[PDB]
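Chemist: Please find entry.cif (mmCIF, C-alpha atoms) on the next line:
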data_upload
#
loop_
_atom_site.label_atom_id
_atom_site.label_comp_id
_atom_site.auth_asym_id
_atom_site.auth_seq_id
_atom_site.Cartn_x
_atom_site.Cartn_y
_atom_site.Cartn_z
CA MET A 1 -62.37 -45.73 -76.13
CA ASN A 2 -60.31 -46.44 -79.24
CA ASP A 3 -60.74 -42.91 -80.64
CA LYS A 4 -59.81 -41.10 -77.46
CA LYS A 5 -56.66 -43.23 -77.42
CA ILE A 6 -55.56 -42.24 -80.92
CA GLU A 7 -56.45 -38.61 -80.21
CA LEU A 8 -54.50 -38.55 -76.97
CA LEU A 9 -51.57 -40.45 -78.49
CA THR A 10 -51.54 -38.09 -81.47
CA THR A 11 -51.43 -34.87 -79.48
CA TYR A 12 -49.14 -36.31 -76.85
CA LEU A 13 -46.63 -37.54 -79.45
CA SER A 14 -46.87 -34.15 -81.16
CA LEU A 15 -45.08 -32.59 -78.21
CA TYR A 16 -41.98 -34.57 -79.25
CA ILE A 17 -39.63 -34.55 -82.20
CA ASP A 18 -37.65 -37.53 -83.52
CA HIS A 19 -33.97 -37.37 -82.60
CA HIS A 20 -33.18 -38.35 -86.20
CA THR A 21 -34.86 -35.22 -87.54
CA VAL A 22 -32.75 -33.15 -85.16
CA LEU A 23 -29.58 -35.00 -86.17
CA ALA A 24 -30.35 -34.40 -89.87
CA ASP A 25 -30.74 -30.65 -89.27
CA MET A 26 -27.51 -30.65 -87.30
CA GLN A 27 -25.41 -32.39 -89.98
CA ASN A 28 -27.00 -30.66 -92.98
CA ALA A 29 -26.42 -27.43 -91.08
CA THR A 30 -29.83 -26.36 -92.47
CA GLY A 31 -30.25 -24.67 -89.11
CA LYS A 32 -33.95 -24.78 -88.43
CA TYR A 33 -33.81 -26.34 -84.96
CA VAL A 34 -32.27 -24.76 -81.84
CA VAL A 35 -31.64 -27.22 -79.01
CA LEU A 36 -32.32 -25.97 -75.50
CA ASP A 37 -30.78 -27.81 -72.54
CA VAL A 38 -33.50 -27.06 -70.00
CA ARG A 39 -32.23 -29.06 -67.01
CA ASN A 40 -31.69 -27.23 -63.72
CA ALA A 41 -28.11 -27.85 -62.55
CA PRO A 42 -24.73 -26.04 -62.66
CA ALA A 43 -22.35 -26.58 -65.57
CA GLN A 44 -20.09 -28.34 -63.03
CA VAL A 45 -22.70 -31.09 -62.49
CA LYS A 46 -23.88 -31.36 -66.10
CA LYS A 47 -20.41 -31.13 -67.72
CA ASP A 48 -22.15 -32.39 -70.87
CA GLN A 49 -24.33 -30.88 -73.59
CA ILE A 50 -25.65 -31.76 -77.05
CA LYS A 51 -23.54 -30.29 -79.89
CA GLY A 52 -24.66 -26.68 -80.33
CA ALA A 53 -27.23 -26.74 -77.55
CA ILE A 54 -28.03 -23.56 -75.59
CA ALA A 55 -28.10 -23.82 -71.82
CA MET A 56 -31.39 -22.45 -70.50
CA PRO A 57 -32.70 -24.01 -67.27
CA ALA A 58 -36.40 -24.70 -67.15
CA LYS A 59 -36.84 -22.66 -63.99
CA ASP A 60 -35.59 -19.58 -65.87
CA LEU A 61 -37.01 -19.98 -69.38
CA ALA A 62 -40.16 -17.95 -68.59
CA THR A 63 -37.81 -15.08 -67.62
CA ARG A 64 -35.20 -15.39 -70.39
CA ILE A 65 -37.47 -16.22 -73.28
CA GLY A 66 -36.76 -12.77 -74.72
CA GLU A 67 -33.38 -14.12 -75.81
CA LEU A 68 -35.03 -16.56 -78.23
CA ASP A 69 -36.05 -15.91 -81.83
CA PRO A 70 -39.73 -16.67 -82.65
CA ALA A 71 -39.11 -17.75 -86.25
CA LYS A 72 -36.82 -20.51 -84.93
CA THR A 73 -38.14 -23.92 -83.86
CA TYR A 74 -36.91 -24.96 -80.45
CA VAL A 75 -36.16 -28.47 -79.15
CA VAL A 76 -35.98 -28.85 -75.34
CA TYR A 77 -34.45 -31.74 -73.37
CA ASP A 78 -33.84 -32.84 -69.79
CA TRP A 79 -31.79 -35.66 -68.28
CA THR A 80 -34.18 -38.46 -69.25
CA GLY A 81 -37.50 -37.02 -70.41
CA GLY A 82 -39.16 -39.35 -67.95
CA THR A 83 -40.03 -36.28 -65.83
CA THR A 84 -42.27 -33.21 -66.23
CA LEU A 85 -39.42 -30.75 -66.86
CA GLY A 86 -39.63 -31.00 -70.62
CA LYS A 87 -43.36 -30.29 -70.78
CA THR A 88 -43.13 -27.49 -68.26
CA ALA A 89 -40.75 -25.58 -70.53
CA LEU A 90 -42.71 -26.52 -73.62
CA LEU A 91 -45.93 -25.00 -72.24
CA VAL A 92 -44.13 -21.69 -71.69
CA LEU A 93 -42.66 -21.72 -75.20
CA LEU A 94 -45.90 -22.80 -76.90
CA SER A 95 -47.88 -20.12 -75.10
CA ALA A 96 -45.42 -17.37 -76.06
CA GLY A 97 -46.26 -18.25 -79.67
CA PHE A 98 -43.11 -20.28 -80.33
CA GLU A 99 -42.93 -23.66 -82.03
CA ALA A 100 -41.16 -26.19 -79.84
CA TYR A 101 -40.94 -29.94 -79.18
CA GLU A 102 -39.41 -32.18 -76.51
CA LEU A 103 -36.46 -34.23 -77.74
CA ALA A 104 -37.63 -37.83 -77.87
CA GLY A 105 -35.29 -39.89 -75.74
CA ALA A 106 -33.84 -36.80 -74.08
CA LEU A 107 -30.11 -36.64 -73.23
CA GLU A 108 -29.91 -40.28 -72.11
CA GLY A 109 -31.18 -41.41 -75.50
CA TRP A 110 -28.85 -39.09 -77.39
CA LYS A 111 -25.72 -40.27 -75.49
CA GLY A 112 -26.90 -43.88 -75.70
CA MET A 113 -27.13 -43.44 -79.45
CA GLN A 114 -23.55 -42.10 -79.37
CA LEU A 115 -24.70 -38.86 -81.03
CA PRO A 116 -22.64 -35.61 -80.96
CA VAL A 117 -22.02 -34.39 -77.44
CA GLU A 118 -19.55 -31.76 -76.22
CA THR A 119 -17.97 -30.59 -72.98
CA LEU A 120 -18.12 -26.83 -72.31
CA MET B 1 -61.05 -28.52 -63.58
CA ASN B 2 -61.14 -32.06 -62.16
CA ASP B 3 -63.38 -33.01 -65.05
CA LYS B 4 -60.39 -32.43 -67.32
CA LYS B 5 -57.96 -34.23 -65.02
CA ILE B 6 -60.37 -37.16 -64.78
CA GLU B 7 -60.88 -37.33 -68.54
CA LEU B 8 -57.11 -37.37 -69.22
CA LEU B 9 -56.31 -39.93 -66.52
CA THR B 10 -59.06 -42.19 -67.78
CA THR B 11 -57.90 -42.13 -71.39
CA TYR B 12 -54.22 -42.14 -70.44
CA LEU B 13 -54.60 -45.13 -68.13
CA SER B 14 -56.52 -46.99 -70.81
CA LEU B 15 -53.27 -47.04 -72.81
CA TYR B 16 -51.62 -49.31 -70.24
CA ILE B 17 -52.06 -52.88 -68.95
CA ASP B 18 -51.07 -54.16 -65.47
CA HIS B 19 -48.06 -56.50 -65.33
CA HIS B 20 -50.11 -58.67 -62.95
CA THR B 21 -52.41 -59.44 -65.88
CA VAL B 22 -49.64 -60.24 -68.37
CA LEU B 23 -47.81 -62.58 -65.99
CA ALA B 24 -51.07 -64.41 -65.17
CA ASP B 25 -51.23 -65.03 -68.90
CA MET B 26 -47.93 -66.87 -69.30
CA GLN B 27 -48.18 -68.76 -66.01
CA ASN B 28 -51.60 -70.12 -67.03
CA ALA B 29 -50.47 -70.28 -70.67
CA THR B 30 -53.71 -68.92 -72.13
CA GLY B 31 -52.03 -67.33 -75.15
CA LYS B 32 -54.06 -64.17 -74.64
CA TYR B 33 -51.17 -61.65 -74.90
CA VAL B 34 -48.00 -61.34 -77.01
CA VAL B 35 -45.16 -59.40 -75.40
CA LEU B 36 -43.12 -57.09 -77.66
CA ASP B 37 -39.78 -55.64 -76.57
CA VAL B 38 -39.90 -52.40 -78.57
CA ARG B 39 -36.48 -51.20 -77.38
CA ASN B 40 -34.43 -49.41 -80.09
CA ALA B 41 -31.06 -49.87 -78.39
CA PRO B 42 -28.87 -52.69 -79.81
CA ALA B 43 -28.96 -56.31 -78.56
CA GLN B 44 -25.64 -55.82 -76.76
CA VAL B 45 -26.81 -53.13 -74.36
CA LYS B 46 -30.16 -54.93 -73.79
CA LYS B 47 -28.47 -58.23 -72.87
CA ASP B 48 -31.77 -59.73 -71.60
CA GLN B 49 -35.57 -59.56 -72.02
CA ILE B 50 -38.95 -60.75 -70.73
CA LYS B 51 -39.35 -64.53 -70.93
CA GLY B 52 -41.23 -64.97 -74.19
CA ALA B 53 -40.98 -61.44 -75.56
CA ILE B 54 -40.56 -60.91 -79.32
CA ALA B 55 -37.73 -58.38 -79.80
CA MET B 56 -38.95 -55.68 -82.19
CA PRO B 57 -37.75 -52.03 -81.92
CA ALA B 58 -40.35 -49.25 -82.11
CA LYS B 59 -38.49 -47.80 -85.10
CA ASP B 60 -39.12 -50.89 -87.25
CA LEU B 61 -42.42 -52.08 -85.80
CA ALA B 62 -44.06 -49.98 -88.51
CA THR B 63 -42.81 -52.28 -91.28
CA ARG B 64 -42.33 -55.59 -89.45
CA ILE B 65 -46.01 -55.42 -88.52
CA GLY B 66 -46.71 -57.86 -91.33
CA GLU B 67 -45.65 -60.70 -89.05
CA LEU B 68 -48.23 -60.08 -86.33
CA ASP B 69 -51.59 -61.72 -85.60
CA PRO B 70 -54.59 -59.30 -85.99
CA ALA B 71 -56.60 -61.27 -83.43
CA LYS B 72 -53.99 -61.43 -80.69
CA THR B 73 -53.57 -58.63 -78.13
CA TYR B 74 -50.14 -57.04 -77.94
CA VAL B 75 -48.22 -55.60 -74.98
CA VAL B 76 -45.26 -53.34 -75.67
CA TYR B 77 -42.47 -52.43 -73.27
CA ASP B 78 -39.20 -50.58 -72.86
CA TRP B 79 -36.43 -50.06 -70.29
CA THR B 80 -38.62 -47.59 -68.40
CA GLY B 81 -42.06 -46.08 -69.04
CA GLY B 82 -40.31 -42.77 -69.51
CA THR B 83 -40.06 -42.66 -73.30
CA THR B 84 -42.29 -42.30 -76.33
CA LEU B 85 -41.32 -45.74 -77.68
CA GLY B 86 -44.31 -47.53 -76.18
CA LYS B 87 -46.73 -44.77 -77.16
CA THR B 88 -45.35 -44.55 -80.71
CA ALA B 89 -45.62 -48.32 -81.11
CA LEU B 90 -49.17 -48.11 -79.77
CA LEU B 91 -50.05 -45.48 -82.38
CA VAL B 92 -48.78 -47.88 -85.05
CA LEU B 93 -50.67 -50.90 -83.66
CA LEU B 94 -53.95 -49.33 -82.60
CA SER B 95 -54.06 -47.73 -86.07
CA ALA B 96 -53.59 -50.90 -88.12
CA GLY B 97 -56.64 -52.19 -86.26
CA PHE B 98 -54.60 -54.20 -83.78
CA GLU B 99 -55.40 -54.06 -80.09
CA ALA B 100 -52.51 -53.23 -77.80
CA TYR B 101 -51.42 -51.80 -74.48
CA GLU B 102 -48.18 -50.64 -72.86
CA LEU B 103 -46.67 -52.79 -70.11
CA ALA B 104 -47.18 -50.72 -66.99
CA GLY B 105 -43.79 -50.53 -65.33
CA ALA B 106 -41.81 -51.50 -68.42
CA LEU B 107 -38.90 -53.91 -68.04
CA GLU B 108 -37.66 -52.04 -64.98
CA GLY B 109 -40.81 -52.65 -62.92
CA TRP B 110 -40.96 -56.25 -64.16
CA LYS B 111 -37.45 -56.97 -62.91
CA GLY B 112 -38.04 -55.20 -59.61
CA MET B 113 -40.79 -57.74 -58.93
CA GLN B 114 -38.23 -60.45 -59.65
CA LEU B 115 -40.39 -61.65 -62.54
CA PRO B 116 -39.16 -64.20 -65.17
CA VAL B 117 -36.62 -62.69 -67.56
CA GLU B 118 -35.02 -64.66 -70.38
CA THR B 119 -31.46 -63.76 -71.42
CA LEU B 120 -31.06 -63.01 -75.14
CA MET C 1 -52.69 -28.77 -82.89
CA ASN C 2 -51.52 -25.67 -81.07
CA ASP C 3 -54.40 -25.28 -78.63
CA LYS C 4 -54.76 -29.03 -78.33
CA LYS C 5 -51.17 -29.32 -77.15
CA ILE C 6 -51.53 -26.36 -74.80
CA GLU C 7 -54.67 -27.98 -73.43
CA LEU C 8 -52.90 -31.32 -72.93
CA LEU C 9 -49.77 -29.83 -71.33
CA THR C 10 -51.83 -27.66 -68.98
CA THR C 11 -54.14 -30.43 -67.79
CA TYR C 12 -51.31 -32.97 -67.68
CA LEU C 13 -49.09 -30.75 -65.55
CA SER C 14 -51.97 -29.99 -63.13
CA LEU C 15 -51.76 -33.63 -62.11
CA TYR C 16 -48.39 -33.20 -60.42
CA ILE C 17 -47.03 -31.09 -57.60
CA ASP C 18 -43.49 -29.70 -57.23
CA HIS C 19 -41.32 -31.57 -54.72
CA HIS C 20 -39.91 -28.29 -53.38
CA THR C 21 -43.46 -27.65 -52.22
CA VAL C 22 -43.93 -31.04 -50.52
CA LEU C 23 -40.58 -30.83 -48.70
CA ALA C 24 -40.95 -27.19 -47.62
CA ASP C 25 -44.18 -28.37 -46.02
CA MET C 26 -42.76 -31.22 -43.96
CA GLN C 27 -39.58 -29.47 -42.85
CA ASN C 28 -41.70 -26.50 -41.68
CA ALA C 29 -44.25 -28.80 -40.02
CA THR C 30 -46.95 -26.84 -41.89
CA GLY C 31 -48.66 -30.17 -42.52
CA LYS C 32 -51.00 -29.05 -45.29
CA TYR C 33 -50.12 -32.08 -47.46
CA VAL C 34 -50.72 -35.78 -46.62
CA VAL C 35 -48.23 -37.90 -48.58
CA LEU C 36 -49.52 -41.31 -49.71
CA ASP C 37 -47.33 -44.23 -50.82
CA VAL C 38 -49.67 -45.95 -53.26
CA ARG C 39 -47.28 -48.72 -54.30
CA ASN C 40 -48.79 -52.20 -54.52
CA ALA C 41 -45.53 -54.03 -53.83
CA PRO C 42 -45.46 -55.66 -50.34
CA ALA C 43 -43.51 -54.07 -47.46
CA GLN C 44 -40.76 -56.67 -47.90
CA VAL C 45 -40.12 -55.28 -51.40
CA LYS C 46 -40.42 -51.54 -50.74
CA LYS C 47 -38.51 -51.44 -47.44
CA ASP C 48 -38.44 -47.62 -47.60
CA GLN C 49 -40.81 -44.68 -48.08
CA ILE C 50 -40.96 -40.89 -47.84
CA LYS C 51 -40.66 -39.86 -44.19
CA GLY C 52 -44.00 -39.77 -42.43
CA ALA C 53 -46.07 -41.24 -45.21
CA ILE C 54 -49.24 -43.29 -45.14
CA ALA C 55 -49.02 -46.66 -46.95
CA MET C 56 -52.20 -46.52 -49.04
CA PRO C 57 -51.94 -49.24 -51.73
CA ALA C 58 -53.45 -48.14 -55.02
CA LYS C 59 -55.11 -51.55 -55.06
CA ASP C 60 -56.81 -51.05 -51.70
CA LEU C 61 -57.64 -47.37 -52.02
CA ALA C 62 -61.34 -47.94 -52.76
CA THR C 63 -61.56 -50.63 -50.05
CA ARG C 64 -60.22 -48.20 -47.43
CA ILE C 65 -61.88 -45.09 -48.87
CA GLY C 66 -63.43 -44.24 -45.50
CA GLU C 67 -59.96 -43.78 -43.99
CA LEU C 68 -59.29 -40.66 -46.02
CA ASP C 69 -60.29 -37.21 -44.85
CA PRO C 70 -61.97 -35.21 -47.69
CA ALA C 71 -60.51 -32.04 -46.13
CA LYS C 72 -56.81 -32.86 -46.31
CA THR C 73 -54.79 -32.52 -49.52
CA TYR C 74 -53.32 -35.85 -50.65
CA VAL C 75 -50.04 -36.24 -52.53
CA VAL C 76 -49.47 -39.65 -54.08
CA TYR C 77 -46.15 -41.08 -55.25
CA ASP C 78 -45.04 -44.19 -57.12
CA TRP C 79 -41.68 -45.86 -57.72
CA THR C 80 -40.51 -43.89 -60.73
CA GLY C 81 -41.97 -41.23 -62.99
CA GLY C 82 -42.76 -43.98 -65.48
CA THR C 83 -44.96 -46.25 -63.32
CA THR C 84 -48.73 -45.77 -63.49
CA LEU C 85 -49.89 -46.49 -59.95
CA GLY C 86 -49.63 -42.83 -59.01
CA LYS C 87 -52.08 -41.84 -61.73
CA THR C 88 -54.34 -44.86 -61.10
CA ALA C 89 -54.86 -43.63 -57.52
CA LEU C 90 -55.19 -39.99 -58.58
CA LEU C 91 -58.17 -41.10 -60.66
CA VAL C 92 -60.07 -42.76 -57.77
CA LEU C 93 -59.16 -39.85 -55.52
CA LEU C 94 -60.15 -37.02 -57.90
CA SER C 95 -63.41 -38.81 -58.86
CA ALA C 96 -64.35 -39.30 -55.22
CA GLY C 97 -64.13 -35.55 -54.65
CA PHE C 98 -60.72 -35.49 -52.95
CA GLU C 99 -58.01 -33.00 -53.71
CA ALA C 100 -54.96 -34.99 -54.82
CA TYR C 101 -51.69 -34.41 -56.73
CA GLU C 102 -48.98 -36.78 -57.92
CA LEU C 103 -45.48 -36.14 -56.56
CA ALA C 104 -43.35 -35.05 -59.49
CA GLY C 105 -40.30 -37.25 -59.81
CA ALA C 106 -41.74 -40.08 -57.73
CA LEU C 107 -39.76 -41.90 -55.05
CA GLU C 108 -36.85 -42.38 -57.45
CA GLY C 109 -36.33 -38.64 -57.84
CA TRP C 110 -37.04 -38.12 -54.15
CA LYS C 111 -34.28 -40.52 -53.12
CA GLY C 112 -31.86 -39.25 -55.74
CA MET C 113 -32.02 -35.87 -54.02
CA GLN C 114 -31.04 -37.13 -50.58
CA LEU C 115 -34.51 -36.14 -49.32
CA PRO C 116 -36.05 -37.61 -46.11
CA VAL C 117 -37.03 -41.25 -46.58
CA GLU C 118 -37.44 -43.48 -43.49
CA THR C 119 -37.50 -47.29 -43.56
CA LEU C 120 -40.42 -49.43 -42.32
CA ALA C 121 -40.14 -52.92 -40.79
#
Can you turn what I pasted into structure tokens?
Modeler:
Amino acid sequence: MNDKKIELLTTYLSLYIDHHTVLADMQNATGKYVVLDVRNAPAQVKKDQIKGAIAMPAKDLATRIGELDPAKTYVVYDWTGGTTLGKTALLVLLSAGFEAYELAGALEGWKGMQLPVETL
Amino acid sequence: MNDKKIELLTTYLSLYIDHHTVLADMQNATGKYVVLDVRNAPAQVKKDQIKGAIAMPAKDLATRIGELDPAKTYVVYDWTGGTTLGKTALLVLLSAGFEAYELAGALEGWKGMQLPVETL
Amino acid sequence: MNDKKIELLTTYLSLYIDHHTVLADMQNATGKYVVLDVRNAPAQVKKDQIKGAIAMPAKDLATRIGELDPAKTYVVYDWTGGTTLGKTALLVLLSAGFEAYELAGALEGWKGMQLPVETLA
């Protein structure tokens, strides 16, 4: 029905965070968002990464979560976000009591918007 | 269990509309649907669109919604159904009372079927 | 919103099945998964499919319901992870009592990994 739609769209969209809100934190250096690059692939294949992001493959997050700080709010991203890799990671983080979102648009969006990207 | 999977799939699928139903609208010219290209990327990168679509990014659809017909049914689309643009636009529309759906297959699936695309 | 999102992510992810699981089952001839290509596009359009897959159009799934064995585990796949035919089928299948899962990554991600994909004619 019309209610179930709004309810599903509200929760679903809640799993994401606007890339603008992440860009504002990044510039203002207010540091309240930590960006996790959760795609599975060697640095040789990725060669890219959002400015200040922390490499942490999705298939290892459930085993390396102890490196993260609970008080921080995490923002995870994959190659395109059109896969289930972002949500997979998110479920782990949300269950461990963390507060995390999937970056709307993912890496593709971010590079397409010409936003800060580094090589390292 | 499956009762949960079935409930999600039913609501989720109700957010979309088959491209076979939208095409049949413009070929028979019944003015039943209005196609909205909610892509945020600039006109340059887009280069083309769906024959008859009204370009209107998901980021502005919230304000430019004053130029839409409350009685008409709207169908939003993007490059690929792998982003929250369609769903965000749907939250905006379905909330203002409008009735809308996401174009199943986005522009990518519409081109793959060699369907009519107007350059602009 | 916490539990709601954990509920959604859990149920949503239970729809799919890892591709490492589907491949490791066809390369080991374990055959515990029956892959179904539920694309509605004609053969002339989709001149390729996952190796050893049954062409079960999502639009003819109910019409040919008797051709499915309620004992086998079905794995459906679409064009890309954005299309909705995979989930449309999953609905008919799950409701009819069948055990089904949607291939994570769809054909697009299956081809982009150099995985086995024969061509029909």
Chemist: Using the chain letters and numbers from this file, what does the PyMOL selection byres ((chain A) within 8 of (chain C)) select? Give the answer as a list in words.
Modeler: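 So the PyMOL selection byres ((chain A) within 8 of (chain C)) ends up selecting residues 11, 12, 14, 15, 82, 83, 84, 87, 88, 91, 94 and 95 of chain A.
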Chemist: Using only C-alpha atoms, I'd like every residue of chain B that has an atom within 12 Å of chain A; please write them out as number ranges by chain.
Modeler: B: 7-16, 39-42, 45-46, 59, 78-101
Chemist: Hey, can you check how far CA of residue 85 (chain C) sits from CA of residue 52 (chain B)?
Modeler: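 Atom-to-atom, CA of residue 85 (chain C) to CA of residue 52 (chain B), that is 24.9 Å.
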Chemist: Evaluate the PyMOL selection byres ((chain B and resi 32) around 7) here and jot the selected residues down as a list in words.
Modeler: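 Checking the PyMOL selection byres ((chain B and resi 32) around 7) against this file, the residues are residues 25, 30, 31, 33, 72 and 73 of chain B.
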Chemist: Just to confirm, what's the straight-line distance from CA of residue 52 (chain C) to CA of residue 114 (chain B) in Å (one decimal)?
Modeler: 27.5 Å
Chemist: Quote the spacing between CA of residue 107 (chain C) and CA of residue 69 (chain C) in Å to one decimal place.
Modeler: 23.4 Å
Chemist: Applying 12 Å and only C-alpha atoms, which residues near residue 20 (chain C) remain after dropping the ones on its own chain fewer than 4 positions away? List them as a ChimeraX atom specification.
Modeler: /C:24-28,103-105,109-110,113,115
Chemist: Dump as a PyMOL selection string all residues having an atom at most 6 Å from (-45.8, -35.8, -51.4), computed in the file's coordinates with all atoms listed in the file.
Modeler: chain C and resi 22+35+75-76+103
Chemist: Suppose a student applies the PyMOL selection byres ((chain C and resi 37) around 8) to this structure; what residues should they get, written as a compact mmCIF listing (two decimals) with C-alpha atoms, keeping the file's coordinate frame?
Modeler:
# COMPACT_ATOMS: atom_id res chain seq x y z
CA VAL C 35 -48.23 -37.90 -48.58
CA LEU C 36 -49.52 -41.31 -49.71
CA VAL C 38 -49.67 -45.95 -53.26
CA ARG C 39 -47.28 -48.72 -54.30
CA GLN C 49 -40.81 -44.68 -48.08
CA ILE C 50 -40.96 -40.89 -47.84
CA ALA C 53 -46.07 -41.24 -45.21
CA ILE C 54 -49.24 -43.29 -45.14
CA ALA C 55 -49.02 -46.66 -46.95
CA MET C 56 -52.20 -46.52 -49.04
CA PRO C 57 -51.94 -49.24 -51.73
CA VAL C 76 -49.47 -39.65 -54.08
CA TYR C 77 -46.15 -41.08 -55.25
CA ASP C 78 -45.04 -44.19 -57.12
Chemist: Can you sort out the box for region 38-49 of chain B, edges along x, y and z, all listed atoms in, 8 Å on every side, with centre and edge lengths in Å to one decimal, as JSON?
Modeler:
{"center_x": -32.8, "center_y": -54.6, "center_z": -75.8, "size_x": 30.3, "size_y": 26.3, "size_z": 24.5}
